[PDB]
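Chain and residue survey
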Amino acid sequence: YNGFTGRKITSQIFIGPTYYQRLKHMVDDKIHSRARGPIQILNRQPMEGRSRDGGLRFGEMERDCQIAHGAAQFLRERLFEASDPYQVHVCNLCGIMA
Amino acid sequence: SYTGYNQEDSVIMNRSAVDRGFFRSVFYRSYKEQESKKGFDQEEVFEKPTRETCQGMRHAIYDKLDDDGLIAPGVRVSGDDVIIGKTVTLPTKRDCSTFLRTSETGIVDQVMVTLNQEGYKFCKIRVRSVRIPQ
Amino acid sequence: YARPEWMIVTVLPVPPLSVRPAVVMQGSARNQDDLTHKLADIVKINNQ
Amino acid sequence: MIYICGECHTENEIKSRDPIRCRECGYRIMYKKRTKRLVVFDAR
Amino acid sequence: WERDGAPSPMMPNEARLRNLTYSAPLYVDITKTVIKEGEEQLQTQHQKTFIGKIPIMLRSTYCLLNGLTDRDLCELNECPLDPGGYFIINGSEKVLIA
Amino acid sequence: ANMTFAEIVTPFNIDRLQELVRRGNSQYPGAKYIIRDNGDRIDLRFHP
Amino acid sequence: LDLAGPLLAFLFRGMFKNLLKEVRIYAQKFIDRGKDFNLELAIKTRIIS
Amino acid sequence: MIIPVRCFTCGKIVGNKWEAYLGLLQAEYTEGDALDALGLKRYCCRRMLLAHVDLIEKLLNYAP
Amino acid sequence: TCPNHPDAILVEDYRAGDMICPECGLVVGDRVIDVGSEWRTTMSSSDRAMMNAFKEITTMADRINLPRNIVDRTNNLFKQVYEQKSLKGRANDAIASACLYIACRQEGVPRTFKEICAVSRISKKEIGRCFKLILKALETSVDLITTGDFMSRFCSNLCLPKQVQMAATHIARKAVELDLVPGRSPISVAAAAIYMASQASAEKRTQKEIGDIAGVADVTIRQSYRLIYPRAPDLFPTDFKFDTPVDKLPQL
Amino acid sequence: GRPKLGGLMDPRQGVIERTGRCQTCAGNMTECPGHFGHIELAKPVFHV
Ligand SMILES: [Zn+2]
Ligand SMILES: [Zn+2]
Ligand SMILES: [Zn+2]
Ligand SMILES: [Zn+2]
Ligand SMILES: [Zn+2]
């Protein structure tokens, strides 16, 4: 019988005691988030701090996907703005950073 | 096919059974720490850091630690809490306390102190976290 | 942009401290980078 | 600062300087006594 | 061997708890004979010369949990159902894959 | 509640954003930081 | 199938060969120096342990 | 470890029937007859006692 | 260095690894803290000689199953001596042996010179000579040895029961307190108390057995025992079980 | 107690500690990009 309305279900349900096992994979052990977290001082890129806040690797496969999408602005954000946004001064005459 | 929440290998569970303890479990995570005097200039030891003892300390509460620098059993812990207060002598003394991860939230189940294979003061802290099916 | 004589090292550039920083381990011990370690030998041999 | 010997289950007071060794049993495994603080469990 | 040097039987529970290595002291009888080109030989035997410690597989014939009844295992805080067959190395249960 | 999006304060949203600022990190939805015209970052949890 | 026995026998054969090789070097040094050697000291228990 | 207080499926009290159940088994009752004698009509309640393994009995063999 | 609040104690934040003004919230430095580093949550002759010394310390320590902490302490003691160079003339094996003795003394688990000599090629005499020289070189000192410092090892090596070890400890401690053994080496006193307690117990050990394990001549034991034997009933604990009564202990 | 000029950790090359600024950039650890030092070689060297 349907629990919401109490109406009988047109189809009869196969029901019975079956031995179930709970696996060690809990969601609380896998959920993680990263938003402006700790970065490596040498690499100036994301790394885990005191949690799993290290971010997701935006690998070659994701870059190729975003290239196919043509989302050059989002591609730039993920590969630059979201990882190591930096600016340097460069000389126009010698092209070297000043 | 009860309302589609079990589609693609998903399962729908009876919340009342879970409330009755169906598949409820306990997760025990054991943290081990030792104090080693390798290098005469450095001497790490278990003791709760104090404002006068350490030149710099965070606003984080160390109240969970006992005078021996170890948390007692039956105390709730989280990522904001310290389970072990360890301080190393500088070449003032620096603090090297052991904090839990933000995901680690439970109650200290047991805390044992011993001398390990190296003969150094050694301790194991078992944290009990109860995992309700969700 | 390129000259044969520039292939010979007559003056060695020293990377900034950020490229080869001094990490802190086992307390306040400033653990120098591998580059700083070799730069120390370079300057020692240079003075010698 | 009371520890319970894991072998003889005897409560003994130990300082920072004296060793972990049990006063009477000599056993070197000590368990911290359960906190006297109040912990509330909702019976859910 | 305790810090003071007092030898004591190591229970596997203690090895796991204290991160010890469950090892058995290995001794060998050695006989030294010396000849000094004077048609004479001196024979000296070093009985039970210590040569090292062999890690012991739990519940093997050389393990302390050998022949112990289930009640005795419980007294030692050991599970009677535990099959053994593994080594405790620095407190870690190490199993040798065939 | 852990992830954030930087919204530019505009007359369209000045009042709505002012509310999220006072709500802060303790109450969701809220905000983590304020970036002034000067480019300086203020953590709302430190001084609300 | 090399079980715990054959596997440890392979190690113990190598470690014991190293132990005896070590005893020779130590004993020979004392013999070369012209003095007898204490067998108890020549053995380095660290090799097998 | 120990017998559930409530039957997971329906909430019937079964936590007070374990020693009663064991007594019936000691009295040579079949597992079905013992469950019937206890009044566990629904198979969901029967599943509780018929399949329970009381490990607390074994855990109490270790010193406190 | 808060730009707006000069002389403000910035607060370190692990959430992003930055320092924030304690009374404004202004974040100073983007993410300069490196939270992971803060909160845990072809060989020179001198180095080769030092390495060789370390290999000897680990070998000698293993012979007597000394814990790794004592080895670490010995290596640090050796390094200081080796670097201080007041014993530069002495052999590294002698220095290592004396450092090992000092480490045991500093750790509160003294090993007799005969025991350290038994595991090292260096004789007791040279270790004793190097021992005092190192103390001067290190400008340090070690706690005086006591009779109870050897009871645990000796009684265990003698396989004596816990009560016999406790009785020997009380007998030796009370004998020292009563000053019944003036000038006698604590090892000699400990061995005599062990002999007395052993002879008074079911597990009876000969002076030779005790002498061989404790490293004391039976004559030295006999003399020390002869001094304490007349006061044995005062030395034995009140709460002790006598297998052989004190009145029936060997007279010699 | 402080870095020395003309040394491997010369303060001109960059910021030495996070709570500091280099004299050449007058900027913090993140603001300072770091700068190069140079070792004049008494004898020219082949570049590997
Ligand atoms: Zn330019
Ligand atoms: Zn005890
Ligand atoms: Zn039911
Ligand atoms: Zn200000
Ligand atoms: Zn700069």
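Procedures and definitions
- Residues numbered from 1 in each chain as written, not as in the entry; some residues may be left out.
- Chains lettered and ligands numbered in written order.
- Part of a larger assembly, values for the part shown.
- Heavy atoms only, no water.
- Donors = N, O, S within 2.8 Å, 3.2 Å for Na, K, Ca; no water.
- Tetrahedral: all angles 85-135°; square planar, octahedral: opposite > 155°, others 65-115°.
- Buried < 20%, exposed > 50% of the residue type's maximum accessible area, 1.4 Å probe, protein only.
- Contact = heavy atoms within 4.5 Å.
- Buried area = accessible area lost by both parts, 1.4 Å probe.
- Salt bridge = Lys/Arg side-chain N within 4 Å of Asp/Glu carboxyl O.
- Polar contact = N/O pair within 3.5 Å; in protein donor to acceptor, adjacent residues only side chain to side chain.
- Nonpolar A, V, L, I, M, F, W, Y, C, P; charged D, E, K, R; others polar.
- Pairing = 2+ DSSP bridges.
- Helix = DSSP H or I, 4+ residues; strand = E, 2+ residues; numbered from the N terminus.
- Patch = residues over 30% accessible without salt bridge, like charges linked within 9 Å, V, L, I, M, F, W, Y side chains within 5 Å.
- Areas by Shrake-Rupley, 256 points an atom, 1.4 Å probe, with all protein chains shown as cover.
- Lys, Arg positive; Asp, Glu negative; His and termini not counted.
- Charge placed at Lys NZ, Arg CZ, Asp CG, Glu CD.
- UniProt positions renumbered as here; feature names shortened; annotations may be inferred.

Per the PDB record, this model was obtained through cryo-EM at a reported resolution of 4.1 Å.

Moving on: the coordination of the zinc ion (ligand 5). All names here are of chain J. Every protein donor of the zinc ion (ligand 5) is accounted for by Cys22 (SG), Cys25 (SG), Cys32 (SG) and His35 (NE2), and the metal-donor separations fall at 2.0 to 2.3 Å. Coordination at the zinc ion (ligand 5) comes from four donor atoms whose angles at the metal span 60 to 141 degrees, giving a geometry best classed as irregular. One chain supplies every donor for the zinc ion (ligand 5), spaced along it as C-x2-C-x6-C-x2-H. What makes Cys22 buried here is its relative accessible area of 1%. On the basis of relative accessible area, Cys25 is assigned to the partly exposed category, the value being 29%.

Before going further, it helps to examine the interface of chain H and chain B. It is common to give the size of an interface as the accessible area that goes away when the parts come together. Taken together, the six residues of chain H in the interface contact five residues of chain B. In total, about 400 Å² of surface goes out of reach between chain H and chain B, with carbon and sulfur atoms giving 58% of it. Contact with chain B buries area across many residues of chain H, yet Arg6, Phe8 and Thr9 of chain H alone supply 80% of it, more than any other trio. Counting every contact that joins chain H to chain B gives zero salt bridges. Applying the counting criterion to the chain H and chain B interface returns two residue pairs in polar contact. In the side of chain H that touches chain B, the residues fall into three nonpolar, two polar and one charged.

Let us now look at the sheet that holds strand β3 (residues 27–28) of chain I. Residue and element names in this part refer to chain I. With antiparallel pairing, three strands are arranged side by side in an open sheet as β1-β2-β3. What marks the edges here is a single partner per strand, and that holds for β1 (11–13) and β3. With three bridges joining them, β1 and strand β2 (residues 18–20) adopt antiparallel strand pairing. Within β2, the residue paired with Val11 across the bridge is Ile20.

This part takes up the interface of chain C and chain J. Between chain C and chain J, the contact holds 20 residues from the first and 23 residues from the second. Between chain C and chain J, roughly 1,700 Å² of surface is buried when both sides are summed, and carbon and sulfur atoms account for 67% of that area. Counting the surface chain C buries against chain J, the share from its top three residues, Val9, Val14 and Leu17 of chain C, is 30%. At the junction of chain C with chain J, the criterion picks out zero salt bridges. Between chain C and chain J we count eight residue pairs in polar contact in total.

Let us now look at the coordination of the zinc ion (ligand 1). Taken together, the protein donors to the zinc ion (ligand 1) comprise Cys91 of chain A (SG) and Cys94 of chain A (SG), at separations of 2.3 Å. By relative accessible area, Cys91 of chain A is classed as partly exposed at 24%.

Most peptide bonds take the trans form, and the phi angle of most residues other than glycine is negative. Cis peptide bonds are those with omega within 30 degrees of zero, and the linkage from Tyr28 of chain F to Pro29 of chain F qualifies with -5 degrees. Within the secondary structure, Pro29 of chain F is located in the loop between α1 (14–23) and β1 (33–35). Of note, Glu8 of chain B is a non-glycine position whose phi angle comes to about 50 degrees, a positive value. The topology assignment puts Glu8 of chain B in the segment before α1 (15–19).

On to a positive patch on the surface. All names here are of chain I. Together, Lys125, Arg129, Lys132 and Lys136 make up a positively charged patch on the protein surface. By the secondary structure assignment, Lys125 is in helix α6 (residues 124–138). Taking relative accessible area as the criterion, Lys125 reaches 58% and is therefore assigned exposed.

We now examine the UniProt feature "binding site: Zn(2+) 6" (unreviewed entry) in chain D. Following the UniProt record, one finds the feature "binding site: Zn(2+) 6" (unreviewed entry) at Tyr27 of chain D. Among the structural elements, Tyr27 of chain D can be located in the loop between β2 (11–13) and β3 (30–32). With sequence-adjacent residues up to four places away left out, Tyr27 of chain D is seen in contact with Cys5, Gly6, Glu7, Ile20, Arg21 and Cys22 of chain D together with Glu14 of chain E.

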